[PDB]
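To start, the structure itself, in structure tokens.
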Amino acid sequence: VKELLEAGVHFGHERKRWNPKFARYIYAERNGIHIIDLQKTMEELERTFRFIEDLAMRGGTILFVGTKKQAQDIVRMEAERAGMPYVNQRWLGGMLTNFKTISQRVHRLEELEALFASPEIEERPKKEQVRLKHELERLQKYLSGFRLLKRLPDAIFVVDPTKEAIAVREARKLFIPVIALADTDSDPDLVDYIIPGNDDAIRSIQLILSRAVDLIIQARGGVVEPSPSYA
RNA sequence: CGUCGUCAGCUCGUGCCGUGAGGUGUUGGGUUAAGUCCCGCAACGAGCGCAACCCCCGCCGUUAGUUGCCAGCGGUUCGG
Ligand SMILES: [Mg+2]
Ligand SMILES: [Mg+2]
Ligand SMILES: [Mg+2]
Ligand SMILES: [Mg+2]
Ligand SMILES: [Mg+2]
Ligand SMILES: [Mg+2]
Ligand SMILES: [Mg+2]
Ligand SMILES: [Mg+2]
Ligand SMILES: [Mg+2]
């Protein structure tokens, strides 16, 4: 799968502001930052991709979570390529532990989708119209990827567990396995299937997520070639 | 029924934090007469209040013209 292409796009990130528990995946400090051991990256990648393939074979769903400014686009296209749920803008506290209450809002979202169509009604007062259109804009902004979730997922794919500790907490509490891309400032104990790679550069996230979703696509009988690559 | 006080408030469901009383939401920034609205946020929503729905005044239109009124017309003891 990977075959040494990792070095061209990334090796690691982050200086002395590190988590010492990450030391099992670090090789050296050269410019002041930590260089991730790429052989350990490959060894972990084999296990992670094997688990991902086994899960995708059985029909389970993976929730792709990423909200940094370097992943608002990669995550969306990668998760949409598999027809898979994603969170892209902001993790709403309780998106998993309060799944029923939060998913009550997508019912309102879909109800407002069938409200603004031309056939039925346009006789609402204009101020109420603007209220409902504000509500629709917010619901679409925050629940556009969450809509594909009909139940609690079988795994969550997180691009930065330190930044997204609330999602990891919710997943670990509910016994849902968590897969994470993590740099040297991360806690690996909370991550079941780790990939020790750089998660702040665009190309590293692109490569990892794109190839992961290629494996998912393969695990359902098909080969879709092109992915959105953005230099 | 008076009063704080027509003051801008008081709470709830589920989730989360805390051994617990409890907290969060409801804090921060801008705005409003207003917990009014916007942005941000472990919260996501909701209820009672605010506002609106009702009445009077201010402009115009349709239906009508008596016991109302009298622009134009003709009478007139001079009051339609
Ligand atoms: Mg918890
Ligand atoms: Mg008071
Ligand atoms: Mg509560
Ligand atoms: Mg406790
Ligand atoms: Mg209060
Ligand atoms: Mg409070
Ligand atoms: Mg008031
Ligand atoms: Mg209010
Ligand atoms: Mg009122």
Side-chain angles (χ1 to χ4, degrees), chain A residues 14 17 19-22 60-76 78-80 83-99 101-117 120-122 124-125 127 129-183 185-194 199-200 202 205 209:
Chain A
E14 263 88 16
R17 46 161 289 244
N19 191 309
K21 281 173 205 290
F22 208 76
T61 74
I62 281 183
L63 182 56
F64 299 85
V65 192
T67 48
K68 299 150 49 116
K69 64 137 72 175
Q70 287 89 350
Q72 296 255 2
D73 291 53
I74 303 167
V75 172
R76 194 198 345 126
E78 257 64 47
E80 269 171 4
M84 225 66 156
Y86 71 97
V87 181
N88 195 37
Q89 303 270 10
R90 195 182 81 115
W91 183 268
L92 313 185
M95 250 183 183
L96 301 178
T97 64
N98 213 16
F99 170 69
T101 297
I102 300 276
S103 76
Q104 208 156 12
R105 288 309 269 164
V106 298
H107 281 335
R108 181 83 176 166
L109 181 48
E110 311 217 37
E111 170 199 337
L112 254 52
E113 302 281 75
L115 189 35
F116 283 9
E120 46 279 333
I121 276 290
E122 285 102 287
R124 196 133 320 198
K127 182 183 72 24
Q129 282 198 183
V130 101
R131 284 225 334 290
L132 298 200
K133 170 230 91 203
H134 278 31
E135 209 209 304
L136 190 48
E137 256 74 68
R138 188 164 173 288
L139 283 180
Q140 295 194 296
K141 183 200 227 263
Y142 281 127
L143 301 177
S144 94
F146 202 62
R147 155 165 25 191
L148 283 326
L149 257 192
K150 281 47 208 313
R151 69 193 146 151
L152 277 146
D154 317 81
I156 53 137
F157 203 120
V158 144
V159 295
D160 197 349
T162 293
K163 157 118 177 64
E164 300 259 78
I166 296 141
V168 181
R169 208 183 283 119
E170 283 189 67
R172 291 219 55 95
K173 169 176 243 210
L174 295 165
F175 291 139
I176 318 182
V178 39
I179 316 114
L181 215 63
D183 37 16
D185 63 277
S186 149
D187 195 355
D189 300 85
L190 319 166
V191 173
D192 305 292
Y193 302 92
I194 190 50
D199 63 354
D200 278 66
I202 293 99
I205 309 171
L209 225 43

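Basis for what follows: all heavy atoms, side chains included, without hydrogens, waters or symmetry-related copies. In what follows, chains carry the letters A, B, and so on, assigned in the order in which the sequence lines appear, proteins first and then strands, with residues in each chain numbered from 1.
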Is B/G9 base-paired to B/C48, counting Watson-Crick or G-U wobble with both distances below 3.5 Å?
yes
Using a cut-off of 4.0 Å between protein heavy atoms and nucleotide atoms, how would you tag nucleotides 29-45 of chain B 5' to 3' with B, S and -?
---------S--BBSBS
Across all strands shown, which nucleotide pairs with B/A34 by Watson-Crick or G-U wobble geometry, both distances under 3.5 Å?
none
Do neighbours B/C53 and B/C54 have base six-rings closer than 5.5 Å at the centres and tilted less than 30° apart?
no
Using purine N1 to pyrimidine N3 plus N6-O4 or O6-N4 for Watson-Crick, or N1-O2 and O6-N3 for G-U wobble, both under 3.5 Å, which nucleotide pairs with B/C55?
none
For adjacent nucleotides B/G58 and B/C59, indicate whether their bases are stacked under the rule of ring centres within 5.5 Å (strictly under) and plane angle under 30°.
no
Taking centres under 5.5 Å and planes under 30° as the test, is B/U19 stacked with B/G18?
no
Need the pucker for B/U67. North if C1'-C2'-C3'-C4' is positive, south if negative.
south
Integer angstrom distance from the P of B/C69 to that of B/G80
10 Å
Taking only the P atom of each, what is the distance from B/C44 to B/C16 in whole angstrom?
15 Å
Taking the P atom of each, how far is B/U3 from B/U31, in whole Å?
36 Å
Whether A/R108 and A/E111 form a salt bridge (side-chain N of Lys/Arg under 4.0 Å from carboxylate O of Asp/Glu) is what I want to check.
yes
Check the phosphate of B/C16 against A/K173, side-chain N and O only, distance under 4.0 Å to OP1 or OP2. Yes or no?
yes
Contacts of type side-chain hydrogen bond (donor to acceptor under 3.5 Å, both in side chains), residue A/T67, not counting sequence neighbours
A/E164
Separation of A/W91 CH2 from A/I166 CD1 (nearest 0.5 Å):
9.5 Å
Could you check whether B/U27 pairs with B/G13 (Watson-Crick or G-U wobble, each of the two distances under 3.5 Å)?
no
Measuring only the P atom in each nucleotide, how far is B/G40 from B/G49? A whole number of Å is fine.
31 Å
Suppose we screen for salt bridge (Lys or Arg N to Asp or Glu O under 4.0 Å). Which residues come up paired with A/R90, at least two apart in sequence or across chains?
none
Label B/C39 north or south, basing it on the sign of the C1'-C2'-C3'-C4' dihedral.
north
Could you tell me whether the side chain of A/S103 and the main chain of A/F99 form a donor-acceptor pair under 3.5 Å?
yes
Using the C1'-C2'-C3'-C4' dihedral sign as the criterion, classify the sugar of B/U62 as north or south.
north
The furanose of B/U26, with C1'-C2'-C3'-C4' positive read as north and negative as south, falls south
Testing A/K69, A/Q70, A/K68 one by one against A/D200 for a side-chain hydrogen bond (donor to acceptor under 3.5 Å, both in side chains), which residue passes?
A/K68
How far, in whole Å, is B/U19 from B/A34 if one measures between their P atoms?
40 Å
Under 3.5 Å for both distances: B/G45 and B/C12 as a Watson-Crick or G-U pair
yes
With rounding to the closest Å, how many angstrom separate the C1' atoms on B/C7 and B/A51?
16 Å
Separation of the P atoms in B/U27 and B/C12, to the nearest angstrom
16 Å
B/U67 with B/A51: Watson-Crick or G-U wobble pair, both contacts under 3.5 Å?
no
Please find the pair of heavy atoms, one from A/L63 and one from A/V87, that lie closest to each other, and give the distance.
CD1-CG2, 4.3 Å
A/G60 and A/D154: which non-hydrogen atoms are nearest, and at how many Å?
CA-OD1, 3.4 Å
Going only by the six-membered rings, do B/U26 and B/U27 fall inside 5.5 Å on centre distance and below 30 degrees on plane angle?
no
Centres under 5.5 Å and planes under 30° for the six-membered rings of B/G65 and B/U66?
no
When both distances are under 3.5 Å in a Watson-Crick or G-U wobble arrangement, the nucleotide paired with B/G2 is none
What integer number of Å spans the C1' atoms of B/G30 and B/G20?
38 Å
Between the side chains of A/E110 and A/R105, is the shortest nitrogen-to-carboxylate-oxygen separation below 4.0 Å, so that they form an ion pair?
no
Pucker class of B/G65 from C1'-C2'-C3'-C4', north or south?
south
